[PDB]
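One structure is given here, and the rest of the page talks about it.
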Amino acid sequence: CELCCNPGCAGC
């Protein structure tokens, strides 16, 4: 998620 690797990541 630090790379916004999935659209469900909080913050992305």
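To match Swiss-Prot, the residue numbers of chain A are left as they are there, and the shown ones run 60-71.
According to its header, this structure was worked out by X-ray crystallography, 0.9 Å.
Heads up, the Cβ atoms here are built off N, Cα and C, so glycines get one too.
Counting every protein chain shown, the number of other Cβ atoms lying within 10 Å of the Cβ of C68 (disulfide bond) is 11. Under the three-state DSSP scheme, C68 (disulfide bond) falls in the coil class. The disulfide bond annotation in Swiss-Prot covers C60-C68 (among others).
Look at Swiss-Prot and you will find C63-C71 (among others) tagged as disulfide bond, backed by experimental evidence. Of all the Cβ atoms in the protein chains shown, 11 others lie within 10 Å of the Cβ of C71 (disulfide bond).
In the three-state DSSP assignment, the secondary structure recorded for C60 (disulfide bond) is coil. Of the recorded residues, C71 (disulfide bond) and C60 (disulfide bond) place their C-alpha atoms 8 Å from one another.
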